[PDB]
Student: 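The following block contains the structure, expressed as structure tokens.
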Amino acid sequence: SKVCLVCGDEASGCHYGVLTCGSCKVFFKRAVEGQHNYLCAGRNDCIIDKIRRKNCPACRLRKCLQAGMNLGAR
Amino acid sequence: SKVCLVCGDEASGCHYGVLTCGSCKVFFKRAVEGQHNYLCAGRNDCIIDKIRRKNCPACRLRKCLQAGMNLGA
DNA sequence: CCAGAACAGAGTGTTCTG
DNA sequence: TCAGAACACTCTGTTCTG
Ligand SMILES: [Zn+2]
Ligand SMILES: [Zn+2]
Ligand SMILES: [Zn+2]
Ligand SMILES: [Zn+2]
């Protein structure tokens with residue numbers, strides 16, 4: 001059974017280039033195209049799992065990017 | 001004017017014993033009375049300010065309590 | 001002035017569709 | 001196969017009332 005490379009939850013398939021859960025899929029699209037105040041309250045090392053993924057959108061987006069998510073050819 | 005001792009925002013008065021903004025007032029009553037599953041994603045030192053106070057309710061609650069907030073006062 | 005109620009929003013996560 | 005739309009919810013924050 002397949003696991004999200006970002007938050008560890010159960011993954012539906014490959015989204016924006018990366019094996020991810022549905023919530024990480026849509027969070028990534030929204031973060032890149034949106035305007036948000038995202039600032040880590042930590043050390044930019046926050047644990048991102050299902051229970052805590054809402055805690056630090058800044059670390060979550062970082063994980064999306066470092067995993068290689070992208071919206072396609074520029 | 002005066003600053004919230006929890007998140008640093010603009011303080012609306014003395015709530016539950018501590019100089020506090022309005023958001024932190026109701027966050028605290030909800031946190032102490034209800035049931036949540038707050039879990040720190042960090043090292044339990046998270047920065048609590050207006051920009052980030054939503055990030056870590058657990059660190060926020062610890063900070064409210066360390067400041068001396070209580071539903072009795 | 002302050003506590004609690006009432007009211008409203010941000011951000012999130014799911015179901016549905018082709 | 002995966003991307004997008006759009007509703008429903010959770011926690012949150014502000015205005016209102018006593
Ligand atoms: Zn995920
Ligand atoms: Zn973080
Ligand atoms: Zn505050
Ligand atoms: Zn924390």
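All chains are named by letter (A, B, ...) in the order of the sequence lines, taking the proteins before the strands, and each is independently numbered beginning at 1. Side-chain atoms are counted along with the backbone in the values below, which use heavy atoms only and exclude waters and symmetry mates.
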Student: Just call it for B:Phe28: base, sugar-phosphate, or nothing, with non-hydrogen atoms closer than 4.0 Å on any strand.
Tutor: nothing
Student: Go through C:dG13, D:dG4, D:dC2 for me and flag the one nearest to the A:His15 side chain.
Tutor: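 Between C:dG13, D:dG4, D:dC2, the one nearest the side chain of A:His15 would be D:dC2.
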Student: Using a heavy-atom cut-off of 4.0 Å across all strands, would you classify B:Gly13 as base, sugar-phosphate, or nothing?
Tutor: sugar-phosphate
Student: Could you check how far NE2 of A:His36 sits from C1' of C:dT12, rounded to whole Å?
Tutor: 10 Å
Student: For the side chain of B:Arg30 and the base of C:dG4, is some donor closer than 3.5 Å to an acceptor across the two?
Tutor: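 Side chain to base: no pair below 3.5 Å.
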Student: What do you reckon, is NZ of A:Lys50 surrounded by more than 12 foreign heavy atoms closer than 6.0 Å?
Tutor: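 Incorrect, the count does not exceed 12.
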Student: In terms of hydrophobic clusters joined by side-chain contacts under 4.5 Å, are A:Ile48 and A:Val32 together?
Tutor: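 Yes, A:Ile48 and A:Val32 fall within the same hydrophobic cluster.
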Student: To the nearest Å, how far apart are A:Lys54 NZ and D:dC11 P?
Tutor: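 Roughly 9 Å, once rounded to whole Å.
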Student: Check the phosphate of D:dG13 against B:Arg60, side-chain N and O only, distance under 4.0 Å to OP1 or OP2. Yes or no?
Tutor: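 Yes, because at least one side-chain N or O of B:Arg60 sits under 4.0 Å from OP1 or OP2 of D:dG13.
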Student: Any side-chain N or O of B:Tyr38 below 4.0 angstrom from OP1/OP2 of D:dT10?
Tutor: no
Student: Would you mind telling me which of D:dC2, D:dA6, C:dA3 lies closest to the side-chain atoms of A:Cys14?
Tutor: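 The listed nucleotide nearest to A:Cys14's side chain is D:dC2.
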Student: Whole-Å distance between C:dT14 P and A:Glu10 CD?
Tutor: 11 Å
Student: Could you give the CE-to-P distance, from B:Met69 to C:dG4, as a whole number of Å?
Tutor: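 Answer to the nearest Å: 11 Å.
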Student: Go through the structure and list residues passing side chain to side chain donor-acceptor pair (under 3.5 Å) with B:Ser23, not counting sequence neighbours.
Tutor: B:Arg53, B:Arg60
Student: Could you state the CZ-P distance from A:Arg52 to D:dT10, rounded to the nearest angstrom?
Tutor: 21 Å
Student: Is the backbone of A:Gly68 close enough, under 3.5 Å, to the side chain of A:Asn70 for a donor and an acceptor to pair up by distance?
Tutor: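 Yes, the answer is positive, given that a donor and an acceptor are paired below the 3.5 Å cut-off.
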Student: Name the closest nucleotide to the B:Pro57 side chain, picking from D:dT12, D:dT14, C:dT14.
Tutor: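 Output: D:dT12.
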Student: For A:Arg62 and A:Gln66, test the side chains for any donor-to-acceptor distance below 3.5 angstrom and give the result as yes or no.
Tutor: yes
Student: Heavy atoms from C-beta onward define the side chain here; which of D:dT12, C:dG4, D:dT14 lies closest to that of B:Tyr16?
Tutor: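 Minimum distance to the B:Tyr16 side chain belongs to C:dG4.
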Student: Measure the distance from CZ on B:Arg53 to P on D:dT12 and round it to the nearest whole Å.
Tutor: 11 Å
Student: Rounded to whole Å, how long is the line connecting atom CG of A:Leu19 with atom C1' of D:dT1?
Tutor: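 My rounded result for the distance is 13 Å.
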Student: Classify the ring geometry of B:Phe28 against B:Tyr16: parallel below 30°, tilted from 30° to 60°, perpendicular beyond 60°.
Tutor: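 Aromatic pair B:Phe28/B:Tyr16 classed tilted.
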Student: If we call it a pair only when both distances are under 3.5 Å in a Watson-Crick or G-U wobble match, what pairs with C:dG18?
Tutor: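 Looking at the geometry, C:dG18 pairs with D:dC2.
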Student: For A:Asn37 and for A:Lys50, locate the closest nucleotide of DNA chain C by heavy-atom distance; then report the residue assigned to the nucleotide nearer the 5' terminus.
Tutor: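 Nearest nucleotide further toward 5': that of A:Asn37.
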Student: When you measure from the side chain of A:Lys25, which nucleotide among D:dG13, C:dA3, D:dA3 comes out closest?
Tutor: D:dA3
Student: Which nucleotide in the set D:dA3, C:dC2, D:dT12 lies at the smallest distance from any side-chain heavy atom of B:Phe27?
Tutor: D:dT12
Student: To the nearest angstrom, how far is A:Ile51 atom CD1 from C:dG13 atom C1'?
Tutor: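 One finds 14 Å between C1' of C:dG13 and CD1 of A:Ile51, rounded.
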